[PDB]
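One structure is given below, encoded as structure tokens.
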Amino acid sequence: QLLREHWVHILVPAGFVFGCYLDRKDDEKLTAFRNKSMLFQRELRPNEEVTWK
Amino acid sequence: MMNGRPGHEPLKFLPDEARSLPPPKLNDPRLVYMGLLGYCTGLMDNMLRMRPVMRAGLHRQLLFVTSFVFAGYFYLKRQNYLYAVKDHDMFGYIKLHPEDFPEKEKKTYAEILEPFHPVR
Amino acid sequence: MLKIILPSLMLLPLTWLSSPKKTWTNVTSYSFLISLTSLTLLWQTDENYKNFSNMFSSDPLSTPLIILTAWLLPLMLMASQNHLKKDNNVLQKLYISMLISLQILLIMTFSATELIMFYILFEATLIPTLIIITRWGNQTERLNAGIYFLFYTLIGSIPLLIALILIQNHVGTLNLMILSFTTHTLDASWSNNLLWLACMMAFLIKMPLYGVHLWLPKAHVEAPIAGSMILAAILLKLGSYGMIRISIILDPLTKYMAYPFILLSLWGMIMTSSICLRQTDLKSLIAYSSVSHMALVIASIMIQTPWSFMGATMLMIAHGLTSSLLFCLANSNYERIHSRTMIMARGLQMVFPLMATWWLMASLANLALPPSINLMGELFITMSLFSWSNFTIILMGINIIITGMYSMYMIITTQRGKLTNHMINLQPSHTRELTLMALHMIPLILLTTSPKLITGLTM
Amino acid sequence: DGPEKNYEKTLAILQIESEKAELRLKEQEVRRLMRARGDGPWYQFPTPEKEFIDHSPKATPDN
Amino acid sequence: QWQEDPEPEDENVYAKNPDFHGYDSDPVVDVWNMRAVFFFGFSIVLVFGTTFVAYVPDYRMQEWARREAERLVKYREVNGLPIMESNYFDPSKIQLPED
Amino acid sequence: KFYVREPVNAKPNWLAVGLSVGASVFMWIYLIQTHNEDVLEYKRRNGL
Amino acid sequence: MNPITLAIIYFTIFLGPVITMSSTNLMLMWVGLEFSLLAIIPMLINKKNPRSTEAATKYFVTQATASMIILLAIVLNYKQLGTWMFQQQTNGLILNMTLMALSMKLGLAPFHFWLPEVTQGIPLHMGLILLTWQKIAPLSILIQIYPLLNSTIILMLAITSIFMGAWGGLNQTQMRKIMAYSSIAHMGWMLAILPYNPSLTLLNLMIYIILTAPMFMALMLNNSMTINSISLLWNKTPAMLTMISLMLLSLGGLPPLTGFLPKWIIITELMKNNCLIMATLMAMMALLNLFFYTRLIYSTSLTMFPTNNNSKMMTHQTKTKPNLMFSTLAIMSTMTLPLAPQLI
Amino acid sequence: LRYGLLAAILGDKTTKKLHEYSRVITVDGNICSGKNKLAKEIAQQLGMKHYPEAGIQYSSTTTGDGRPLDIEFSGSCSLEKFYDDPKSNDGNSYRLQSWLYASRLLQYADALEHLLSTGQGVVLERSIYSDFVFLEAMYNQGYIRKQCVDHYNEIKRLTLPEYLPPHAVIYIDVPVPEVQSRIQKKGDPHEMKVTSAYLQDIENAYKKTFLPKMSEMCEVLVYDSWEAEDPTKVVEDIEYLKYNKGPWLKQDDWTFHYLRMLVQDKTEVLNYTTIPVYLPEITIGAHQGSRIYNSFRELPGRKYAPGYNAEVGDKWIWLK
Amino acid sequence: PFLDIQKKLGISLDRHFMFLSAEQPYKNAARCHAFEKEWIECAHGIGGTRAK
Ligand SMILES: Nc1ncnc2c1ncn2[C@@H]1O[C@H](COP(=O)(O)OP(=O)(O)OP(=O)(O)O)[C@@H](O)[C@H]1O
């Protein structure tokens, strides 16, 4: 574990992971009309609880 | 303008009504932004005084971060309370004066004739 | 989008915390990867556009500009690598930070839902550009250039803030989806014509119009290079995007408040290309060509037809790529002769027979070569203008003629002729500055192979 | 994921911003009425204090 | 005079490290910068991005539109209907004013 | 090298170190406990 | 000055405004303003040169008249209504005279002619206090009586302050006058909105203080008082150019920095009341306010000027002057726009 | 605890420290007259410390490792080049002159920092009150253009009154041929090739200007060679001086305090020397200046504040 | 006021001789005591625009 001049390669992948997590968090925030839109509005399949998460 | 609001306590940072509001998360983007501002403050302090950066004043940097977060928590709580109060008084006024805010009833696009403006 | 602009922020610690010897490499490679992950938002299998939050959205007009902004950064970063190589490491890293800030702010602009977000970011873009032009320009006119480039913009943009504030006080939201579905026809009064002008004469300055373009030559001529790349590639398009977004709330005033600007654009396009026919400075020739191109985009957006918006998008992207390419090609010689005067060195294609192909292709992009997204744009807006009025082709044809002329004259009096035998300092070539032109041209070929993407809101 | 996500997320964002517009305009008219007439909690400008008046017997009757 | 340094004269590179690429003075850094550029820019971006973009399906609902157009001309001309009537909406649910 | 003029910041001020660290710890501790108390009172006033 | 004297004088300076806030009698308000007056002059006149004597005399003689005019307004109100508070149903002449004298106290145009002079005649400190802390009680008077002021001269004075501050700072090579004309312009922005949501006046005040105090510290670190002296900063203390640049570009309000928030939200609340063209003029002269800041930051940060042979001694020696609050105040300016809803 | 108002209030005053030989004493003279040999013995006998003549390198010696630096950091000046080429276009002469004024100025400041801090006396030699002598010598010759004289006198005007003068001055005189032959018997090829009018103008400047205006504030002790030898007699004269007739008498603890604070900060000391008066002999251009500053911050011991240099051997850097 | 430090602490440094009907030293009425008292007792709870 000597002379870590290469740990900096984790910053941008970390940023990508974090951004994807934040977008996931946002579309969790906006889980309204999830199956109430006049276009799809399908009844839940027998093993289904949420339609698109 | 909300200073003359009834029951308004003078120089009370957080009245007891504000304890009914939900607090922040402590993971709020703005509190971590304030921690980031504190970290950059320590970094700038070291840069100005011809010191190393990200290496020198870890106790000072930690203190900056904690001071910024520990102030932002309570300031954000106060601001949440004030905006809550705004909505509260607005709702109360519309509910007391419905003649000025009538139950409007709008129309459809089949009954109204909006004018056509070609491009051509 | 957040997954695109958080890594872009992480590129800054990647600069500051890396070695002096392993900082250009890491940031360049990771910038290429940001460009790669900026292709997820081309997954539009539907007609409905892509809203990720109240903040961010992405339409088929946003996405090409987004991708091009994320893609230019490695090119700026490699082009900026010969000069400021003997600069101190902190100065290098400051340059890198300014370029990445430009990337981030411009992505945020093209992804914004509200107009105020777009405003504060459209104006925040001024600070990196001014710093780049002024601290790293080579000449002494860079200061006046920065002043011009800043204050034209601010003069145009303060009324824009006033008009947006008015629209918020009138409607309540200032969001673009809601202003689309809730737009009242305007009463056609002076109080609304001033609103039209306040909303438009910030973007029209930045595109630019011919009445007001003096900032663009003074800046292109004096910015080091990467500033010139950006100022030719997306800062001009940052006005066209805004016009295309804001014009929806100005109907029917665009039917009669547009005559002066269409007319100025057309005549001044002819004027600018005639200037390009006769100009001692190569970096000014590219700039006046950019004016003569963006004028068509002005007229096209003013006409507000589908063909016209389409061709505007096509011309936007094509012009950005090919103009950045031409600025790189001129910088390639300026890094040796240290002179912008074109007739100085005029007999190349002996020493640089491969760069002289990139030159040729860059010019053929510039003039109307048909299998190219340049001619598609120019042709479709010509067709829109002919529908508008048949007497505009008389001007577009003069432009086409002069635009063949100045481009081929550039090629000839720079490459063809007898070599300037008194130039021992013509070093062979850089693999770096060959890869630059390859990365500018390969996208043009790909987008020509598939222009279904490069269209806009209307197709 | 699919199209339903984008469609319905857009619908959510639209109701949010529409409600915000409604409330901003409502706040404008509310402030207007409260300032034009002090019927409400806001814009209640101060008056002299009542508790510092002396109600005691004076030296003269017709105080 | 005001005691400034004079202009440093025209550098030549290929004297030192005639395999110079365009990036740095160290011969190792030039190599591992050009390899980085070439790999990350050509071999992943300009290849896999082209693949991704080429294998995006129904870009902006184009193939679907053609298929629907086909079945709809089929239905309309089989059932004797007027293909593509001259009014998007029906007057069954439109109210015009008088005068 | 070894300075002819001995600086001020040669050895630390362990007092300031301890004060800063104890202050940061006390800040975080009061913050977490205040946060728990506020959450609990929010649930207690607004019911569940 | 011995310590007893400094204690007395700084206590008096702190208590002038504090009496002015926590007082319902206008007369104790006047008393606080006079403590601020009396206690400032010793430290203005501390270095004992003709420039300092002139500055102190100009300050004293301009502030005494304003004080007498405020006392006249107060006594006329007492005659009219038998109280020590500006109620409603007072005379607009009384209220306007109060406004005029308060503008003379602040330094607003066309009562601005003394502020740059006085500021040049005194050190960097005593410019900071004069421009930040002395502005707080005179503003408190207006804030306490905001629904009684005429909305016409309140705006003409603001517009004059804007225009004249911009035009005066356009051509000032001295920095101690640039700060003064900046004060004039920002007090203009404040006073324009003061009848319209005076919370924003205090917002602009706090932003202005947070910007000016570290700028004064920057000037203090090398006793820079001229464009040519601040230009020799890429050699002496070059780690400060970043913050100086962002602070100047916040002062001249540019969006990504928090110094644009006060102008933006002021324009908002002014367009909410159909005060449109005035706001347009103000926003268009703030650009000229920005121009000389841009010239300055060219001169110091982007186009490094010639230096001297003797400036290497400064590089040999070491420094201690940055008080650790320059960092906090410079970073809380220039980077706090995304927290603007918590500021408003 | 850095010194300040808090310390002065706690009781670190100054008048408690002065006993009898708490005295700023300067020995002056011409180029070779016996100044160091005399000042050293004065300091030994009376209990002061010797502060040698401030040359091109005093800041370097009192900063960092205390070594000589390359000549482009410690000025851009050479004294040899002044003796072998005194009318250069390259303004080595006034560059040297101003650098040496600044070095004498910092020297006097360090001296006063020591005196008021400790009460121990200080022996200087050829202080900032006697540096104009060489300037006047250069200007009577064509070794200076007159604008440099205005620059020097302005900097003097700005820097001198802030500081207290010496109590006594000791100007030992030698005729010009005597010092010239002494230079010949010194062993320097460069000092050997100096004129006699230069020395005579130094002497005229001293005797005319420096002696009476300092006799208006200080106790002069003019001696000769036969008197300058045997320092013990000069010391025995110093021991019995009535130190009246000067501004030291009207000094309180708080005047000493503010002087001690002005002197504790070398940047405030040297600020008025770094003024932007743009003489070509003093300006060094942005490119050269930046090269020098970078190369200076890429030295051992530099690049950071003193204690914050781990490449030297400093420690506890993450906790300062 | 601006900073109601008096109301915070309940003291009255100056807010008890604000007008005529206010605690004359020995109980001597000022003239218009009744009128001012009545005006003030009307304008209580109300603020400003409605009391005017
Ligand atoms: N201000 C000045 N300007 C120009 N030259 C100076 C200045 N000060 C000193 N010098 C030069 O520095 C040299 C210093 O010699 P100095 O008179 O100090 O002798 P010393 O070291 O005191 O011992 P001695 O007097 O026995 O030689 C002289 O040659 C003189 O010319």
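A note on labels: chains of the structure tokens are A, B, ... as shown, every chain counts residues from 1, and ligands are counted from 1 in their shown order.
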### Backbone-only DSSP, alpha helix (DSSP H) members of segment 3-62 of chain D, as a PyMOL selection string
chain D and resi 3-36
#### Entry: Who sits within 12 Å of residue 188 of chain C, only C-alpha atoms, same chain under 5 positions skipped, as an MDAnalysis selection string
chainID C and resid 193:196 250:257
Can you write out the residues you just picked, keeping C-alpha atoms, as an mmCIF file, in the first residue's frame?
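So result-v4.cif came out as:
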data_model
loop_
_atom_site.group_PDB
_atom_site.id
_atom_site.type_symbol
_atom_site.label_atom_id
_atom_site.label_comp_id
_atom_site.auth_asym_id
_atom_site.auth_seq_id
_atom_site.Cartn_x
_atom_site.Cartn_y
_atom_site.Cartn_z
ATOM 1 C CA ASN C 193 -42.591 45.167 -28.166
ATOM 2 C CA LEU C 194 -40.116 46.465 -25.606
ATOM 3 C CA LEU C 195 -40.549 43.108 -23.867
ATOM 4 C CA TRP C 196 -39.725 41.292 -27.104
ATOM 5 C CA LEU C 250 -43.784 36.200 -27.810
ATOM 6 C CA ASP C 251 -46.318 35.248 -30.458
ATOM 7 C CA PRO C 252 -47.634 37.047 -32.577
ATOM 8 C CA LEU C 253 -45.050 39.807 -32.201
ATOM 9 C CA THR C 254 -42.376 37.821 -34.029
ATOM 10 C CA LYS C 255 -44.284 38.311 -37.289
ATOM 11 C CA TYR C 256 -43.322 42.011 -37.427
ATOM 12 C CA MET C 257 -40.602 42.616 -34.815
#
### Task
Write out as a ChimeraX atom specification each polymer residue (protein, DNA or RNA) that has an atom no more than 6 Å from ligand 1, with only C-alpha atoms and all ligand atoms counted.
/H:30-36,53,97,100,131,134,191
#### Entry: Interface residues on chain D facing chain B, 10 Å, only C-alpha atoms, written as a ChimeraX atom specification
/D:23,26-27,29-31,33-35,39-46
### Task
Any chance you could list, as number ranges by chain, the residues in segment 26-84 of chain H that come up strand (DSSP E or B) when DSSP is run on the backbone?
H: 26-28, 49-50
### Task
Define the interface residues of chain D facing chain C as those within 6 Å, counting only C-alpha atoms, and report them as number ranges by chain.
D: 13, 21, 24
10 Å contact set for residue 17 of chain B, only C-alpha atoms, chain neighbours under 3 positions out, as a short mmCIF file (atom, residue, chain, number, x, y, z; two decimals) with C-alpha atoms, in the first residue's frame:
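Okay, this is what ended up in selection.cif:
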data_model
loop_
_atom_site.label_atom_id
_atom_site.label_comp_id
_atom_site.auth_asym_id
_atom_site.auth_seq_id
_atom_site.Cartn_x
_atom_site.Cartn_y
_atom_site.Cartn_z
CA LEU B 14 -36.90 29.53 17.74
CA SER B 20 -43.87 21.29 15.70
CA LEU B 21 -42.15 21.66 12.34
CA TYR B 81 -40.33 28.24 10.69
CA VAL B 85 -45.60 31.08 9.21
CA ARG F 45 -46.90 17.08 18.83
#
### Message
Just want the 9 Å neighbourhood of residue 231 of chain C, counted on only C-alpha atoms, with same-chain residues fewer than 3 positions away dropped. Output as a PyMOL selection string.
### Response
chain C and resi 129+216+219-220+226-228+234-236
So that I can check the surroundings of segment 15-27 of chain F, please list as a short mmCIF file (atom, residue, chain, number, x, y, z; two decimals) with C-alpha atoms, in the first residue's frame every protein, DNA and RNA residue that reaches within 9 Å of it, counting only C-alpha atoms and ignoring chain neighbours fewer than 4 positions away.
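The resulting file, part_0.cif, is reproduced below:
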data_model
loop_
_atom_site.label_atom_id
_atom_site.label_comp_id
_atom_site.auth_asym_id
_atom_site.auth_seq_id
_atom_site.Cartn_x
_atom_site.Cartn_y
_atom_site.Cartn_z
CA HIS B 59 -8.07 20.81 13.84
CA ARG B 60 -8.83 24.24 12.36
CA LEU B 62 -12.65 20.37 11.45
CA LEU B 63 -13.62 23.34 13.60
CA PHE B 64 -14.60 25.38 10.53
CA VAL B 65 -16.77 22.56 9.18
CA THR B 66 -18.46 21.97 12.52
CA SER B 67 -19.09 25.66 13.17
CA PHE B 70 -23.81 23.81 13.71
CA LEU F 31 -26.32 18.39 17.35
CA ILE F 32 -27.16 14.68 17.27
CA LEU H 319 -1.49 20.02 14.13
CA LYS H 320 0.00 23.53 14.17
#
